[PDB]
Colleague: 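So that we are looking at the same thing, I have put the structure below in structure tokens.
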Amino acid sequence: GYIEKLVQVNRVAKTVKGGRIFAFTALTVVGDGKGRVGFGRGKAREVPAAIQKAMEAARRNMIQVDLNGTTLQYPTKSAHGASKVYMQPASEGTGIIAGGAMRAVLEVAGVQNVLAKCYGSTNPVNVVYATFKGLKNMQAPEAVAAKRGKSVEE
Amino acid sequence: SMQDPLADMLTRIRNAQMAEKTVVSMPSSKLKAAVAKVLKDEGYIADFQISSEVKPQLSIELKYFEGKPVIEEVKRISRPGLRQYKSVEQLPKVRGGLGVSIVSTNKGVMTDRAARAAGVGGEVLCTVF
Amino acid sequence: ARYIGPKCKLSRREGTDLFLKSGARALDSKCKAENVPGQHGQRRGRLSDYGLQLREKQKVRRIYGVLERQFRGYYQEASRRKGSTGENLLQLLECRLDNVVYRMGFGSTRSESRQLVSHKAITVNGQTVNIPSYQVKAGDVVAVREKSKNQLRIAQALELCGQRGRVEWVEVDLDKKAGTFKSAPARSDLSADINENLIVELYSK
Amino acid sequence: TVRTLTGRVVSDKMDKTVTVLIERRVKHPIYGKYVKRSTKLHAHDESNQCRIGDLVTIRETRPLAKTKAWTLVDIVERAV
Amino acid sequence: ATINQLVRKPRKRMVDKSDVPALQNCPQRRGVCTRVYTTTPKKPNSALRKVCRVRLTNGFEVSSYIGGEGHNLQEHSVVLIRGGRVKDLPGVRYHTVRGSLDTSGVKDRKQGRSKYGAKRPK
RNA sequence: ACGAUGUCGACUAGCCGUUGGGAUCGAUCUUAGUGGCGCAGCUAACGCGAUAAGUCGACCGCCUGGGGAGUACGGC
RNA sequence: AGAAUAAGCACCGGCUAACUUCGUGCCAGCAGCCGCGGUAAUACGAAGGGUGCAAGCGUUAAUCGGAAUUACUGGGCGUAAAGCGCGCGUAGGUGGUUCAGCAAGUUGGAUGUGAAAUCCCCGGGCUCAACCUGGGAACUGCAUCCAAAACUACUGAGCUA
RNA sequence: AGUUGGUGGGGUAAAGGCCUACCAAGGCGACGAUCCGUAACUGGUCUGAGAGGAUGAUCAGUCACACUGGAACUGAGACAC
Ligand SMILES: [Mg+2]
Ligand SMILES: [Mg+2]
Ligand SMILES: [Mg+2]
Ligand SMILES: [Mg+2]
Ligand SMILES: [Mg+2]
Ligand SMILES: [Mg+2]
Ligand SMILES: [Mg+2]
Ligand SMILES: [Mg+2]
Ligand SMILES: [Mg+2]
Ligand SMILES: [Mg+2]
Ligand SMILES: [Mg+2]
Ligand SMILES: [Mg+2]
Ligand SMILES: [Mg+2]
Ligand SMILES: [Mg+2]
Ligand SMILES: [Mg+2]
Ligand SMILES: [Mg+2]
Ligand SMILES: [Mg+2]
Ligand SMILES: [Mg+2]
Ligand SMILES: [Mg+2]
Ligand SMILES: [Mg+2]
Ligand SMILES: [Mg+2]
Ligand SMILES: [Mg+2]
Ligand SMILES: [Mg+2]
Ligand SMILES: [Mg+2]
Ligand SMILES: [Mg+2]
Ligand SMILES: [Mg+2]
Ligand SMILES: [Mg+2]
Ligand SMILES: [Mg+2]
Ligand SMILES: [Mg+2]
Ligand SMILES: [Mg+2]
Ligand SMILES: [Mg+2]
Ligand SMILES: [Mg+2]
Ligand SMILES: [Mg+2]
Ligand SMILES: [Mg+2]
Ligand SMILES: [Mg+2]
Ligand SMILES: [Mg+2]
Ligand SMILES: [Mg+2]
Ligand SMILES: [Mg+2]
Ligand SMILES: [Mg+2]
Ligand SMILES: [Mg+2]
Ligand SMILES: [Mg+2]
Ligand SMILES: [Mg+2]
Ligand SMILES: [Mg+2]
Ligand SMILES: [Mg+2]
Ligand SMILES: [Mg+2]
Ligand SMILES: [Mg+2]
Ligand SMILES: [Mg+2]
Ligand SMILES: [Mg+2]
Ligand SMILES: [Mg+2]
Ligand SMILES: [Mg+2]
Ligand SMILES: [Mg+2]
Ligand SMILES: [Mg+2]
Ligand SMILES: [Mg+2]
Ligand SMILES: [Mg+2]
Ligand SMILES: [Mg+2]
Ligand SMILES: [Mg+2]
Ligand SMILES: [Mg+2]
Ligand SMILES: [Mg+2]
Ligand SMILES: [Mg+2]
Ligand SMILES: [Mg+2]
Ligand SMILES: [Mg+2]
Ligand SMILES: [Mg+2]
Ligand SMILES: [Mg+2]
Ligand SMILES: [Mg+2]
Ligand SMILES: [Mg+2]
Ligand SMILES: [Mg+2]
Ligand SMILES: [Mg+2]
Ligand SMILES: [Mg+2]
Ligand SMILES: [Mg+2]
Ligand SMILES: [Mg+2]
Ligand SMILES: [Mg+2]
Ligand SMILES: [Mg+2]
Ligand SMILES: [Mg+2]
Ligand SMILES: [Mg+2]
Ligand SMILES: [Mg+2]
Ligand SMILES: [Mg+2]
Ligand SMILES: [Mg+2]
Ligand SMILES: [Mg+2]
Ligand SMILES: [Mg+2]
Ligand SMILES: [Mg+2]
Ligand SMILES: [Mg+2]
Ligand SMILES: [Mg+2]
Ligand SMILES: [Mg+2]
Ligand SMILES: [Mg+2]
Ligand SMILES: [Mg+2]
């Protein structure tokens, strides 16, 4: 898909005999607004080159999510590193109640009512890791219902 | 010192499910038997058998379906240190109904869905999804 | 209070039409509406998410001429209601008496309709109402006082409402200058570029 | 009819009156764990037929002395 | 902490002490200037800061900072003080309100002249 | 006073030693200790990994920014 | 009768919407936190421009939130704060496995009470609103009776991991 | 140490160590007595997604007080704004 969003641009440095060498890191998310989504990281010596590399990396390794009509299936709670993430479905009139990496990830993924919240560190890359770990494990019915028939598991 | 046998049962099931095993054997009791039966009716295990001879052994055969185990998150709720009880209106939902929570009521050990069907609350034993 | 002053600065700042003149001649050939107002007009200057939310909310406010406290009241009452507060906000803002009078076509601009309402020239159900906030209920028959129906402004604005695009949710009788407000318009009928989700995001913070 | 209470005799050294301990379980208001509270009541025993350890039942009546407003109706278990 | 441990001893809220012990829960308080002097800021800054030592109606004695370019405070001047700490000056926790009782506010000020007690130029 | 790692109990791939003791036919198995690697899993990372810092239970002790200070006063 | 009688306050380096000139040169000063000022200062003081509110606008004081930063919901203790030097043991907390009973905990139901006002829903009046007002819902509690017996507690008899 | 219980009697509109004379040595307490500091309580109010946290202006219910310390009289009712 093609929906580009830029999350964070940071400037890092390494020390050499002579002084400091600077570089730029960029984090981006891509998706089609209907279930495909992925993130990418890039590094370069200029901001546009890093952004381009991040877009190219993010356009690969895109995954498919299972969403129940512009909203999640069930309340979920994921984590990565020291970051914890909580999301839960909301009514249609609700917006996206989230901040930073949450908002970009969920808006690009195609959901509109997510009402999320994060605990622990708010490092954007770890937050994105945690959010995709949570979203990639959305089961949806007819798959958790592989044990037996349908309309009895619910 | 095994002050909770049900937690031991669930821990055994989870540990040997993670280790890609096929059968779990444990000491049995008339509560673990009811829990095993209610899991069997929910398709979370293959079968369970109770041995004879004074010291019965309960054995359970697991399921895998795909490359990932069928039971991915099983957790005890009411422990001997807390003893949580809930009413009909307050029966917890796991994964918004996509899972099951085992409830012990005066009508026996059943699922939360059957608990509202009979309109009887009780003690929340564990949640499986 | 009320905003009194230049009205083409607001259009330039928001970057859109934002109807504030009579619309007789045009909008482009009065204010060169492609530069932000002030000394630094030519700079583009992209803006953050908070800036976007603020611009959207200010754009909506500047179109109906409502101040901040009354906008807070409208938002609170819309959130208290049922069914997607985002569109309930526009549902509420379209039922104002001055806005209704403007839609019926007795005023050139929103400010002119507001002055018609305030100066005791509009009767809602056959009695005078001079509050430019009176929520008009569906089925109300707005009219003009018989002592003021021959004002040149109403007749002059009638043809301007004649060529602006049919609202198709109010009716008017021109001989008696009396119309009926059938129902509040649906979200589709309004301009589908006012993205109210930005407003909801801004206020839920 | 009439509401009663049941407890265990813990002191009988007074004349024509006994001390009875009553146990109850109360849920902690915030932490939700059931904890044991106790009450010590003074009951009127006219004929001195109660011993330490006896499981008895009592009922509430008018005050008979300061801090004495209960009288026992039956002995349901006798101390060994 | 376990549930039983918490039953035996529940969790305690800490209390946050105010940074303005004088003027006990008061917006402003008046006092008398026992002396007006001038002092020097902390390391990274270099300046010559105007400060007045004030004895309050509480009986407290504190130090207040005088804002603006000029002032007319001297001995035995009745002043009003408000909260607010000056980062560079050690031990200065209060501000002197300009233009309230005896301070008269700054003159020839025309931008933001409500924090300095200056009338509209008109 | 240190494994800078509370006690008790139950589960979870393997390989190489070593101290006591058993069995079956130098080999195989099984206990109670004491060491070296290592799959999952865990951890911020280092690293831990049947002698867990993994999956769980029961009870107890302790922490809540750095200094002032494990100091002052009081008790023992 | 006439447009006549009726706009101000804060801010513009980042957090945070809004930028350039002129003075001054570690001074004068600013400042919620990072911090600005030593000769081209978008941070001091003015002027032009702009941004927020608006009969108000700012500052100070105070409470909760954000703070999952006392963590029941919902945190930790190898090295960041944090396992008592080590045992034994009292009060307390917790309890392997079968029957049978009891109904304290548990669950369901009925009845009484839980003042009015307030908060919430549907309405009715003041030209609107604030405001007033009808009915309902709620008041998550307590008490007494009836029923159930899976689990915990209590009682009797067992079993050997 | 009237401290805790019993008996006889007194006293009150009324139960009662409320009071009195004898008899006994009891009663309360780590489920925090006693002591020290602080404070009228509630319906409610403000914050918070909730659980909680803070708090008792205005309105309503109860309590206590009427320059300070005591006491009773009259009265259906007062220890009397
Ligand atoms: Mg070299
Ligand atoms: Mg590099
Ligand atoms: Mg974490
Ligand atoms: Mg962790
Ligand atoms: Mg943190
Ligand atoms: Mg106003
Ligand atoms: Mg008495
Ligand atoms: Mg301050
Ligand atoms: Mg040693
Ligand atoms: Mg140590
Ligand atoms: Mg340490
Ligand atoms: Mg130890
Ligand atoms: Mg251990
Ligand atoms: Mg031992
Ligand atoms: Mg052990
Ligand atoms: Mg062990
Ligand atoms: Mg290793
Ligand atoms: Mg660790
Ligand atoms: Mg760590
Ligand atoms: Mg536990
Ligand atoms: Mg425990
Ligand atoms: Mg434990
Ligand atoms: Mg400290
Ligand atoms: Mg400190
Ligand atoms: Mg300190
Ligand atoms: Mg010492
Ligand atoms: Mg000291
Ligand atoms: Mg000492
Ligand atoms: Mg900006
Ligand atoms: Mg300034
Ligand atoms: Mg200059
Ligand atoms: Mg600034
Ligand atoms: Mg300036
Ligand atoms: Mg001010
Ligand atoms: Mg303040
Ligand atoms: Mg404060
Ligand atoms: Mg404050
Ligand atoms: Mg908190
Ligand atoms: Mg704070
Ligand atoms: Mg939080
Ligand atoms: Mg906890
Ligand atoms: Mg922590
Ligand atoms: Mg521990
Ligand atoms: Mg250290
Ligand atoms: Mg220790
Ligand atoms: Mg140790
Ligand atoms: Mg020790
Ligand atoms: Mg000890
Ligand atoms: Mg010891
Ligand atoms: Mg030591
Ligand atoms: Mg011991
Ligand atoms: Mg014991
Ligand atoms: Mg048992
Ligand atoms: Mg026990
Ligand atoms: Mg039984
Ligand atoms: Mg009940
Ligand atoms: Mg009520
Ligand atoms: Mg009305
Ligand atoms: Mg029965
Ligand atoms: Mg005597
Ligand atoms: Mg007597
Ligand atoms: Mg008598
Ligand atoms: Mg007597
Ligand atoms: Mg005490
Ligand atoms: Mg007081
Ligand atoms: Mg919270
Ligand atoms: Mg609350
Ligand atoms: Mg609220
Ligand atoms: Mg209080
Ligand atoms: Mg008062
Ligand atoms: Mg009253
Ligand atoms: Mg009362
Ligand atoms: Mg009263
Ligand atoms: Mg009373
Ligand atoms: Mg009184
Ligand atoms: Mg008086
Ligand atoms: Mg007086
Ligand atoms: Mg007196
Ligand atoms: Mg007298
Ligand atoms: Mg007399
Ligand atoms: Mg009398
Ligand atoms: Mg009185
Ligand atoms: Mg009187
Ligand atoms: Mg009096
Ligand atoms: Mg009175």
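When reading the values below, keep in mind they use all heavy atoms of this one structure, side chains included, and skip hydrogens, waters and symmetry mates. By convention in this document, chain letters (A, B, ...) are assigned in the order of the sequence lines, proteins followed by strands, and residues within each chain are numbered from 1.
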Colleague: Measuring from the side chain of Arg120(E) (C-beta onward, heavy atoms only), which nucleotide among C31(H), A40(F), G8(G) has the closest atom?
Modeller: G8(G)
Colleague: Determine the Euclidean distance between corresponding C1' atoms of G89(G) and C36(H); express it in Å to zero decimal places.
Modeller: 36 Å
Colleague: Taking the side chain of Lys115(E) as its heavy atoms from C-beta onward, which of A10(G), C31(H), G52(G) lies nearest to it?
Modeller: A10(G)
Colleague: Is the number of heavy atoms from other residues, nucleotides or ligands under 6.0 Å of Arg69(C) CZ greater than 12?
Modeller: no
Colleague: Please state the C1' separation for the pair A13(F) and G38(F) - nearest whole angstrom.
Modeller: 10 Å
Colleague: Check every atom of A10(F), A61(G), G93(G) against the side chain of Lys36(D) and return the nucleotide holding the closest atom.
Modeller: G93(G)
Colleague: Does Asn15(B) reach the major groove or the minor one with its side chain (under 5.0 Å)?
Modeller: minor
Colleague: Can we call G37(G) and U140(G) a base pair, counting Watson-Crick and G-U wobble only and needing both distances under 3.5 Å?
Modeller: no
Colleague: Please check if any side-chain donor atom of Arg55(C) sits under 3.5 Å from a side-chain acceptor atom of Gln58(C), or the reverse.
Modeller: no
Colleague: Could you tell me whether the side chain of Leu125(B) reaches within less than 4.5 Å of the side chain of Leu6(B), counting heavy atoms only?
Modeller: yes
Colleague: Could you tell me if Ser118(C) and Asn130(C) have a donor-acceptor pair between their side chains, going purely by distance under 3.5 Å?
Modeller: no
Colleague: Is it true that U45(H) and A54(H) form a pair, Watson-Crick or G-U wobble, with both distances below 3.5 Å?
Modeller: yes
Colleague: In whole Å, I'd like the distance from the NE2 atom of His44(D) to the P atom of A15(H).
Modeller: 16 Å
Colleague: Could you give the distance separating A51(H) and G66(G) at their P atoms, to the nearest angstrom?
Modeller: 14 Å
Colleague: Taking for each residue the nucleotide of RNA chain F bearing the nearest heavy atom, is the 5' side occupied by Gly81(A) or by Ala16(B)?
Modeller: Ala16(B)
